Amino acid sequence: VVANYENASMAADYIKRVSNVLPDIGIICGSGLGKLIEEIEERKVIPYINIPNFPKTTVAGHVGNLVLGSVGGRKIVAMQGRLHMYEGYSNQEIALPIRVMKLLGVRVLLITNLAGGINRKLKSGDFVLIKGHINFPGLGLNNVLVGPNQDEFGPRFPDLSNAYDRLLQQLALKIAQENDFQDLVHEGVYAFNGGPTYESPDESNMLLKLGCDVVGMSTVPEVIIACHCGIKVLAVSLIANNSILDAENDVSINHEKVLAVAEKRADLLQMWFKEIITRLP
């Protein structure tokens, strides 16, 4: 199924008939960081499997729902269960839910993820406002836009220099200051590792030489589809470790350690993003 205008239009028609909500904000929450979705008001839960033309997610399993409702007086749509390219999904499968958001009226997309720290100033538990990226799959002929261009959504050759909205970064920082946790908040460049292996010790050292501040396996595909069709983006990484220190000390990361950091910061991130949604222009 191609992520074209006709196919996205059929999915949007179903969603509108079932939910009665017209959202102007979309959210994609990182692993272990989804508690906000369980606080959406007057909400409607829609399994992906019920939506015409949505990608099949049963091989990977686990939760996959679209959730619509209200937060802080604002109308939102959330992806509960995000799709990752290391699972084998195609370009078209990743893009179609973002283009459905566009047709539903979304103007701003808020994203969180878990990432490894490269910059020596970053420690476990820190947050990074993403200000740019290095797309290793894109340089290497695996960009999410490889294929025919879908002209109704955007141009053949997108400019990504303003993909990460500067005013949304400022608002996120302002709220952290108001609540006295600004000592946790940095800005930085995100490296997209296709995955699913964690960067090796020598890959981490290479990323440091190339000016990367953090590394993860998500986010850049959605950002590019959103920028192509004119949706503004804020993206925030939660740092689980510093891979450069780990390489110097011969220490390892694993998924268990990552999820324990997510649990330690989940409630603060939930409150932060509730206020961001409330304050959006």
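For every residue, the number given is its place in the sequence shown, counted from 1.
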- Item | Between the two ranges 23 to 31 and 40 to 48, the one averaging a larger CA B factor in the entry | 40 to 48
- Item | Of 138 to 146 and 101 to 109, the one with larger mean CA B-factor | 101 to 109
- Say you rank 58, 237, 219, 242 by Cα B-factor from the PDB entry; which sits at the top? 58
- Task: Using the temperature factors in the entry, find which of 131, 174, 186, 156 has the highest value at its Cα atom.
- Result: 174
- Query: Among the chain's modelled residues, which third holds the C-alpha B-factor of residue 114?
  - Reply: lowest
- So, residue 62's CA B-factor, relative to its chain, sits in which third? The highest
- When the modelled residues of the chain are sorted by Cα temperature factor, does residue 72 land in the lowest, middle or highest third? highest
- Just say lowest, middle or highest third for the CA B-factor of residue 84 relative to the other modelled residues in its chain. lowest
- Third of chain Cα B-factors occupied by residue 179: highest
